[PDB]
$ cat final_34.pdb   # PDB, C-alpha atoms and all ligand atoms
MODEL        1
ATOM      1  CA  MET A 628     -19.764 -10.822  -9.350
ATOM      2  CA  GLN A 629     -17.448 -13.000 -11.479
ATOM      3  CA  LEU A 630     -13.881 -14.013 -10.586
ATOM      4  CA  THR A 631     -11.956 -13.187 -13.771
ATOM      5  CA  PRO A 632     -12.752  -9.457 -14.031
ATOM      6  CA  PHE A 633     -12.232  -8.972 -10.313
ATOM      7  CA  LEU A 634      -8.785 -10.530 -10.498
ATOM      8  CA  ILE A 635      -7.997  -8.447 -13.602
ATOM      9  CA  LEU A 636      -8.861  -5.372 -11.536
ATOM     10  CA  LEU A 637      -6.689  -6.419  -8.594
ATOM     11  CA  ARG A 638      -3.750  -7.084 -10.927
ATOM     12  CA  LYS A 639      -4.045  -3.568 -12.360
ATOM     13  CA  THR A 640      -4.500  -2.057  -8.937
ATOM     14  CA  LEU A 641      -1.408  -3.817  -7.617
ATOM     15  CA  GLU A 642       0.626  -2.504 -10.541
ATOM     16  CA  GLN A 643      -0.703   0.984  -9.810
ATOM     17  CA  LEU A 644       0.280   0.774  -6.169
ATOM     18  CA  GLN A 645       3.676  -0.564  -7.091
ATOM     19  CA  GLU A 646       4.141   2.459  -9.369
ATOM     20  CA  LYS A 647       3.839   4.711  -6.325
ATOM     21  CA  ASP A 648       6.751   2.943  -4.671
ATOM     22  CA  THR A 649       9.293   4.689  -6.829
ATOM     23  CA  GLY A 650      12.196   3.675  -4.620
ATOM     24  CA  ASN A 651      11.105   0.039  -4.910
ATOM     25  CA  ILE A 652      11.592  -0.359  -1.175
ATOM     26  CA  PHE A 653       8.344  -2.285  -0.787
ATOM     27  CA  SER A 654       8.785  -4.543  -3.831
ATOM     28  CA  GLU A 655      10.383  -7.438  -1.932
ATOM     29  CA  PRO A 656      10.330  -8.743   1.650
ATOM     30  CA  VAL A 657      12.522  -6.924   4.157
ATOM     31  CA  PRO A 658      15.828  -8.867   4.018
ATOM     32  CA  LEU A 659      16.054 -10.450   7.467
ATOM     33  CA  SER A 660      19.758 -10.855   6.733
ATOM     34  CA  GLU A 661      20.152  -7.065   6.455
ATOM     35  CA  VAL A 662      17.628  -6.278   9.188
ATOM     36  CA  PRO A 663      18.047  -9.121  11.745
ATOM     37  CA  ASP A 664      15.789  -7.667  14.468
ATOM     38  CA  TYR A 665      12.896  -7.083  12.062
ATOM     39  CA  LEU A 666      10.619  -9.939  13.128
ATOM     40  CA  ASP A 667      10.970  -9.064  16.825
ATOM     41  CA  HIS A 668       7.918  -6.771  16.598
ATOM     42  CA  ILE A 669       6.680  -7.239  13.025
ATOM     43  CA  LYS A 670       4.341 -10.227  13.277
ATOM     44  CA  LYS A 671       3.153 -10.252   9.657
ATOM     45  CA  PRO A 672       5.705  -8.975   7.118
ATOM     46  CA  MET A 673       4.232  -7.934   3.776
ATOM     47  CA  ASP A 674       5.424  -6.596   0.400
ATOM     48  CA  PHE A 675       4.223  -6.255  -3.190
ATOM     49  CA  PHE A 676       5.870  -9.447  -4.456
ATOM     50  CA  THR A 677       4.179 -11.438  -1.720
ATOM     51  CA  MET A 678       0.898  -9.674  -2.544
ATOM     52  CA  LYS A 679       1.332 -10.761  -6.163
ATOM     53  CA  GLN A 680       1.745 -14.381  -5.070
ATOM     54  CA  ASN A 681      -1.285 -14.148  -2.775
ATOM     55  CA  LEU A 682      -3.342 -12.679  -5.615
ATOM     56  CA  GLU A 683      -2.519 -15.465  -8.074
ATOM     57  CA  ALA A 684      -3.115 -18.062  -5.363
ATOM     58  CA  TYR A 685      -6.715 -16.824  -5.193
ATOM     59  CA  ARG A 686      -6.128 -15.575  -1.656
ATOM     60  CA  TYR A 687      -7.699 -12.175  -2.363
ATOM     61  CA  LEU A 688     -11.362 -12.808  -3.118
ATOM     62  CA  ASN A 689     -12.608  -9.416  -1.991
ATOM     63  CA  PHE A 690     -11.252  -5.923  -1.952
ATOM     64  CA  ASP A 691     -10.834  -5.798   1.806
ATOM     65  CA  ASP A 692      -8.375  -8.670   2.008
ATOM     66  CA  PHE A 693      -6.343  -7.040  -0.754
ATOM     67  CA  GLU A 694      -6.350  -3.649   0.947
ATOM     68  CA  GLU A 695      -5.552  -5.236   4.330
ATOM     69  CA  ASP A 696      -2.215  -6.560   3.032
ATOM     70  CA  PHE A 697      -1.428  -3.221   1.380
ATOM     71  CA  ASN A 698      -2.117  -1.524   4.686
ATOM     72  CA  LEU A 699       0.323  -3.937   6.366
ATOM     73  CA  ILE A 700       3.112  -2.789   4.012
ATOM     74  CA  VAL A 701       2.486   0.703   5.283
ATOM     75  CA  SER A 702       1.938   0.023   9.007
ATOM     76  CA  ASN A 703       4.885  -2.365   9.318
ATOM     77  CA  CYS A 704       7.142   0.324   7.928
ATOM     78  CA  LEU A 705       5.728   3.067  10.166
ATOM     79  CA  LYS A 706       6.096   0.742  13.155
ATOM     80  CA  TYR A 707       9.676  -0.392  12.557
ATOM     81  CA  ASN A 708      11.335   2.862  11.519
ATOM     82  CA  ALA A 709      11.917   6.138  13.362
ATOM     83  CA  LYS A 710       9.899   9.106  12.093
ATOM     84  CA  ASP A 711      12.933  11.013  10.789
ATOM     85  CA  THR A 712      13.910   8.342   8.268
ATOM     86  CA  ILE A 713      13.445   7.953   4.539
ATOM     87  CA  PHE A 714      11.669   4.656   5.183
ATOM     88  CA  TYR A 715       9.070   6.150   7.513
ATOM     89  CA  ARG A 716       8.327   9.052   5.144
ATOM     90  CA  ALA A 717       8.127   6.659   2.171
ATOM     91  CA  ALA A 718       5.410   4.721   3.989
ATOM     92  CA  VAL A 719       3.470   7.913   4.709
ATOM     93  CA  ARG A 720       3.695   8.839   1.023
ATOM     94  CA  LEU A 721       2.629   5.362  -0.044
ATOM     95  CA  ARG A 722      -0.339   5.540   2.336
ATOM     96  CA  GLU A 723      -1.329   8.870   0.820
ATOM     97  CA  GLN A 724      -0.837   8.060  -2.849
ATOM     98  CA  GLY A 725      -1.993   4.464  -2.430
ATOM     99  CA  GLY A 726      -5.246   5.543  -0.793
ATOM    100  CA  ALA A 727      -6.454   7.383  -3.871
ATOM    101  CA  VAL A 728      -5.530   4.395  -6.052
ATOM    102  CA  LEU A 729      -7.490   2.033  -3.798
ATOM    103  CA  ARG A 730     -10.624   4.184  -3.614
ATOM    104  CA  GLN A 731     -10.838   4.405  -7.395
ATOM    105  CA  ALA A 732     -10.303   0.663  -7.761
ATOM    106  CA  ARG A 733     -12.937  -0.142  -5.154
ATOM    107  CA  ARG A 734     -15.529   1.941  -6.984
ATOM    108  CA  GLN A 735     -14.650  -0.045 -10.123
ATOM    109  CA  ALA A 736     -15.226  -3.267  -8.163
ATOM    110  CA  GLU A 737     -18.603  -2.105  -6.855
ATOM    111  CA  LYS A 738     -19.790  -1.695 -10.456
ATOM    112  CA  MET A 739     -19.357  -5.455 -10.821
TER     113      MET A 739
HETATM  114  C1  LIG B 801      17.337   0.771  11.373
HETATM  115  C2  LIG B 801      17.184   0.353   9.912
HETATM  116  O1  LIG B 801      15.813   0.041   9.651
HETATM  117  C3  LIG B 801      15.701  -0.569   8.440
HETATM  118  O2  LIG B 801      16.728  -1.017   7.930
HETATM  119  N1  LIG B 801      14.464  -0.688   7.878
HETATM  120  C4  LIG B 801      14.225  -1.229   6.664
HETATM  121  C5  LIG B 801      15.174  -1.750   5.776
HETATM  122  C6  LIG B 801      14.795  -2.255   4.531
HETATM  123  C7  LIG B 801      15.781  -2.774   3.676
HETATM  124  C8  LIG B 801      17.110  -2.714   4.092
HETATM  125  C9  LIG B 801      18.131  -3.216   3.294
HETATM  126  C10 LIG B 801      17.836  -3.787   2.063
HETATM  127  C11 LIG B 801      18.866  -4.287   1.270
HETATM  128  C12 LIG B 801      16.512  -3.852   1.632
HETATM  129  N2  LIG B 801      16.332  -4.430   0.429
HETATM  130  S1  LIG B 801      14.942  -4.151  -0.469
HETATM  131  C13 LIG B 801      15.080  -4.975  -2.040
HETATM  132  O3  LIG B 801      13.704  -4.691   0.261
HETATM  133  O4  LIG B 801      14.778  -2.649  -0.717
HETATM  134  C14 LIG B 801      15.481  -3.348   2.435
HETATM  135  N3  LIG B 801      13.486  -2.226   4.211
HETATM  136  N4  LIG B 801      12.643  -1.714   5.082
HETATM  137  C15 LIG B 801      11.325  -1.581   4.994
HETATM  138  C16 LIG B 801      10.476  -2.003   3.797
HETATM  139  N5  LIG B 801      10.849  -1.024   6.106
HETATM  140  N6  LIG B 801      11.816  -0.809   6.866
HETATM  141  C17 LIG B 801      12.949  -1.222   6.282
ENDMDL
END

$ encode --input "final_34.pdb" --output "structure tokens" --more "lines below"
Ligand SMILES: CCOC(=O)Nc1cc(-c2ccc(C)c(NS(C)(=O)=O)c2)nn2c(C)nnc12
Amino acid sequence: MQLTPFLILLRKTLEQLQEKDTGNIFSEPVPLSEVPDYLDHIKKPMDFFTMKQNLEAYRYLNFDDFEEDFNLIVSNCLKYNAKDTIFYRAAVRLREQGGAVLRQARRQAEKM
């Protein structure tokens, strides 16, 4: 498999995932200034902007590493927030809608 089409695919996939985050709550890192206790149990913060930077730094060279960081966006949010919050439900919805996006993209990658 060749690097350029793979990265093209990840760029598109990231945009597609970002589209699911309609509230844009996962677009940027959790503001430690607004949420001071955040790092106390979240050992690897993640967000779509950071994923973009990792992508263009050639840090995602296979689908799994890409999907791992997406999954962190979701699990960090589920971990930090109580179940009866908008945040927690947004992460569930992202997991759900994101999963379909990722499966389709992976099958595109396996044709390469
Ligand atoms: C007991 C309160 O718990 C929380 O405040 N949790 C969370 C809070 C925020 C959050 C707050 C305030 C602001 C201003 C932002 N800004 S932004 C541009 O990232 O949307 C984000 N994100 N977040 C994410 C993801 N996951 N959990 C949380």

$ residues_near_ligand --input "final_34.pdb" --ligand "ligand LIG 801 (chain B)" --cutoff "9 Å" --atoms "only C-alpha atoms and all ligand atoms" --output "list in words"
residues 650, 651, 652, 653, 654, 655, 656, 657, 658, 659, 660, 661, 662, 665, 673, 674, 700, 701, 703, 704, 705, 706, 707, 708, 709, 712, 714, 715 and 718 of chain A

$ residues_near_point --input "final_34.pdb" --point "(-6.1, -11.7, -4.4)" --cutoff "12 Å" --atoms "only C-alpha atoms" --output "PyMOL selection string"
chain A and resi 630-641+675+677-697

$ write_last_selection --input "final_34.pdb" --atoms "C-alpha atoms" --output "PDB file, in the coordinates of the input"
ATOM      1  CA  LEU A 630     -13.881 -14.013 -10.586  1.00  0.00           C
ATOM      2  CA  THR A 631     -11.956 -13.187 -13.771  1.00  0.00           C
ATOM      3  CA  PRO A 632     -12.752  -9.457 -14.031  1.00  0.00           C
ATOM      4  CA  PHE A 633     -12.232  -8.972 -10.313  1.00  0.00           C
ATOM      5  CA  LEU A 634      -8.785 -10.530 -10.498  1.00  0.00           C
ATOM      6  CA  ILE A 635      -7.997  -8.447 -13.602  1.00  0.00           C
ATOM      7  CA  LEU A 636      -8.861  -5.372 -11.536  1.00  0.00           C
ATOM      8  CA  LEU A 637      -6.689  -6.419  -8.594  1.00  0.00           C
ATOM      9  CA  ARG A 638      -3.750  -7.084 -10.927  1.00  0.00           C
ATOM     10  CA  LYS A 639      -4.045  -3.568 -12.360  1.00  0.00           C
ATOM     11  CA  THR A 640      -4.500  -2.057  -8.937  1.00  0.00           C
ATOM     12  CA  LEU A 641      -1.408  -3.817  -7.617  1.00  0.00           C
ATOM     13  CA  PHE A 675       4.223  -6.255  -3.190  1.00  0.00           C
ATOM     14  CA  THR A 677       4.179 -11.438  -1.720  1.00  0.00           C
ATOM     15  CA  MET A 678       0.898  -9.674  -2.544  1.00  0.00           C
ATOM     16  CA  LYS A 679       1.332 -10.761  -6.163  1.00  0.00           C
ATOM     17  CA  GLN A 680       1.745 -14.381  -5.070  1.00  0.00           C
ATOM     18  CA  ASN A 681      -1.285 -14.148  -2.775  1.00  0.00           C
ATOM     19  CA  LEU A 682      -3.342 -12.679  -5.615  1.00  0.00           C
ATOM     20  CA  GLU A 683      -2.519 -15.465  -8.074  1.00  0.00           C
ATOM     21  CA  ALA A 684      -3.115 -18.062  -5.363  1.00  0.00           C
ATOM     22  CA  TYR A 685      -6.715 -16.824  -5.193  1.00  0.00           C
ATOM     23  CA  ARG A 686      -6.128 -15.575  -1.656  1.00  0.00           C
ATOM     24  CA  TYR A 687      -7.699 -12.175  -2.363  1.00  0.00           C
ATOM     25  CA  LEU A 688     -11.362 -12.808  -3.118  1.00  0.00           C
ATOM     26  CA  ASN A 689     -12.608  -9.416  -1.991  1.00  0.00           C
ATOM     27  CA  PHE A 690     -11.252  -5.923  -1.952  1.00  0.00           C
ATOM     28  CA  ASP A 691     -10.834  -5.798   1.806  1.00  0.00           C
ATOM     29  CA  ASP A 692      -8.375  -8.670   2.008  1.00  0.00           C
ATOM     30  CA  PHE A 693      -6.343  -7.040  -0.754  1.00  0.00           C
ATOM     31  CA  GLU A 694      -6.350  -3.649   0.947  1.00  0.00           C
ATOM     32  CA  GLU A 695      -5.552  -5.236   4.330  1.00  0.00           C
ATOM     33  CA  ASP A 696      -2.215  -6.560   3.032  1.00  0.00           C
ATOM     34  CA  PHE A 697      -1.428  -3.221   1.380  1.00  0.00           C
TER      35      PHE A 697
END

$ atom_distance --input "final_34.pdb" --atom1 "atom CA of residue 647 of chain A" --atom2 "atom CA of residue 726 of chain A"
10.7 Å

$ resolve_selection --input "final_34.pdb" --expression "the PyMOL selection byres (((chain A and resi 738) around 12) and not hetatm)" --output "VMD selection string"
chain A and resid 628 to 629 632 to 633 636 731 to 737 739

$ atom_distance --input "final_34.pdb" --atom1 "atom CA of residue 724 of chain A" --atom2 "atom CA of residue 644 of chain A"
8.1 Å

$ axis_aligned_box --input "final_34.pdb" --around "segment 710-719 of chain A" --padding-each-side "4 Å" --output "lines of an AutoDock Vina configuration file"
center_x = 8.7
center_y = 7.8
center_z = 7.1
size_x = 18.4
size_y = 14.4
size_z = 17.9

$ build_atoms --input "final_34.pdb" --residues "segment 668-687 of chain A" --atoms "N, CA and C atoms" --output "PDB file, in the coordinates of the input"
ATOM      1  N   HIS A 668       9.170  -7.479  16.325  1.00  0.00           N
ATOM      2  CA  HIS A 668       7.918  -6.771  16.598  1.00  0.00           C
ATOM      3  C   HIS A 668       7.006  -6.688  15.375  1.00  0.00           C
ATOM      4  N   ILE A 669       7.495  -7.160  14.233  1.00  0.00           N
ATOM      5  CA  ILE A 669       6.680  -7.239  13.025  1.00  0.00           C
ATOM      6  C   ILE A 669       6.143  -8.657  12.846  1.00  0.00           C
ATOM      7  N   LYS A 670       4.883  -8.871  13.210  1.00  0.00           N
ATOM      8  CA  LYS A 670       4.341 -10.227  13.277  1.00  0.00           C
ATOM      9  C   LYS A 670       3.826 -10.740  11.927  1.00  0.00           C
ATOM     10  N   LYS A 671       3.501  -9.836  11.011  1.00  0.00           N
ATOM     11  CA  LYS A 671       3.153 -10.252   9.657  1.00  0.00           C
ATOM     12  C   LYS A 671       3.797  -9.346   8.615  1.00  0.00           C
ATOM     13  N   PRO A 672       5.024  -9.686   8.206  1.00  0.00           N
ATOM     14  CA  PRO A 672       5.705  -8.975   7.118  1.00  0.00           C
ATOM     15  C   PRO A 672       4.878  -9.017   5.842  1.00  0.00           C
ATOM     16  N   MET A 673       4.953  -7.963   5.038  1.00  0.00           N
ATOM     17  CA  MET A 673       4.232  -7.934   3.776  1.00  0.00           C
ATOM     18  C   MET A 673       4.959  -7.015   2.789  1.00  0.00           C
ATOM     19  N   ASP A 674       4.757  -7.290   1.502  1.00  0.00           N
ATOM     20  CA  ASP A 674       5.424  -6.596   0.400  1.00  0.00           C
ATOM     21  C   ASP A 674       4.677  -6.868  -0.900  1.00  0.00           C
ATOM     22  N   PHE A 675       4.998  -6.133  -1.961  1.00  0.00           N
ATOM     23  CA  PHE A 675       4.223  -6.255  -3.190  1.00  0.00           C
ATOM     24  C   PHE A 675       4.434  -7.584  -3.914  1.00  0.00           C
ATOM     25  N   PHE A 676       5.627  -8.160  -3.804  1.00  0.00           N
ATOM     26  CA  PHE A 676       5.870  -9.447  -4.456  1.00  0.00           C
ATOM     27  C   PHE A 676       5.008 -10.510  -3.810  1.00  0.00           C
ATOM     28  N   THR A 677       5.007 -10.518  -2.484  1.00  0.00           N
ATOM     29  CA  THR A 677       4.179 -11.438  -1.720  1.00  0.00           C
ATOM     30  C   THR A 677       2.700 -11.233  -2.042  1.00  0.00           C
ATOM     31  N   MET A 678       2.277  -9.975  -2.169  1.00  0.00           N
ATOM     32  CA  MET A 678       0.898  -9.674  -2.544  1.00  0.00           C
ATOM     33  C   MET A 678       0.561 -10.250  -3.914  1.00  0.00           C
ATOM     34  N   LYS A 679       1.516 -10.179  -4.838  1.00  0.00           N
ATOM     35  CA  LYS A 679       1.332 -10.761  -6.163  1.00  0.00           C
ATOM     36  C   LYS A 679       1.098 -12.268  -6.062  1.00  0.00           C
ATOM     37  N   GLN A 680       1.867 -12.932  -5.209  1.00  0.00           N
ATOM     38  CA  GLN A 680       1.745 -14.381  -5.070  1.00  0.00           C
ATOM     39  C   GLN A 680       0.419 -14.751  -4.409  1.00  0.00           C
ATOM     40  N   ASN A 681       0.003 -13.952  -3.428  1.00  0.00           N
ATOM     41  CA  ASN A 681      -1.285 -14.148  -2.775  1.00  0.00           C
ATOM     42  C   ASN A 681      -2.446 -13.957  -3.744  1.00  0.00           C
ATOM     43  N   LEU A 682      -2.324 -12.956  -4.609  1.00  0.00           N
ATOM     44  CA  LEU A 682      -3.342 -12.679  -5.615  1.00  0.00           C
ATOM     45  C   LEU A 682      -3.552 -13.883  -6.531  1.00  0.00           C
ATOM     46  N   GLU A 683      -2.455 -14.410  -7.068  1.00  0.00           N
ATOM     47  CA  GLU A 683      -2.519 -15.465  -8.074  1.00  0.00           C
ATOM     48  C   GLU A 683      -2.790 -16.827  -7.446  1.00  0.00           C
ATOM     49  N   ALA A 684      -2.769 -16.864  -6.118  1.00  0.00           N
ATOM     50  CA  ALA A 684      -3.115 -18.062  -5.363  1.00  0.00           C
ATOM     51  C   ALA A 684      -4.585 -18.030  -4.976  1.00  0.00           C
ATOM     52  N   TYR A 685      -5.303 -17.038  -5.499  1.00  0.00           N
ATOM     53  CA  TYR A 685      -6.715 -16.824  -5.193  1.00  0.00           C
ATOM     54  C   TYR A 685      -6.934 -16.590  -3.704  1.00  0.00           C
ATOM     55  N   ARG A 686      -6.002 -15.883  -3.076  1.00  0.00           N
ATOM     56  CA  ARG A 686      -6.128 -15.575  -1.656  1.00  0.00           C
ATOM     57  C   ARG A 686      -6.827 -14.244  -1.408  1.00  0.00           C
ATOM     58  N   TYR A 687      -6.943 -13.426  -2.450  1.00  0.00           N
ATOM     59  CA  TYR A 687      -7.699 -12.175  -2.363  1.00  0.00           C
ATOM     60  C   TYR A 687      -8.997 -12.313  -3.140  1.00  0.00           C
TER      61      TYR A 687
END
